[PDB]
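What follows is a short report on a single structure.
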Amino acid sequence: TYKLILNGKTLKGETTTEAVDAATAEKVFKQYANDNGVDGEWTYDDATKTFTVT
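Dropping the structure here:
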């Protein structure tokens, strides 16, 4: 389970996913972000398996 923190101006929240590798998760998250109109900067922290977009 990897988590995505979405930090936007009109939309804020968090979500999670179960994926075999970080690369696979990123693709899932990117698709989601694109679909919900959230575009920004992505960061990944391996100790907490968290991706953040701003």
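Numbering (the entry's author numbering), first residue to last: 7 to 60. All C-beta atoms, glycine included, are put in the ideal place defined by N, C-alpha and C.
Please report how far the alpha carbon of residue i lies from the alpha carbon of residue j, in whole angstroms.
| i | j | result |
| --- | --- | --- |
| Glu20 | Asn40 | 15 Å |
| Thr30 | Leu17 | 24 Å |
| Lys9 | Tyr38 | 12 Å |
| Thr23 | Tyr50 | 14 Å |
| residue 69 | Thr7 | The chain is shown from 7 up to 60; residue 69 falls before or after that span and cannot be answered. |
| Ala53 | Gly14 | 24 Å |
| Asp27 | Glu47 | 20 Å |
| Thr60 | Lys36 | 13 Å |
In the DSSP assignment, what residue or residues form a beta bridge with residue i?
| i | result |
| --- | --- |
| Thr60 | Its beta-bridge partners do not exist; DSSP assigns none. |
| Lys9 | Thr22, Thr56 |
For residue i versus residue j, is the C-beta distance shorter than 8 Å?
| i | j | result |
| --- | --- | --- |
| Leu12 | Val44 | yes |
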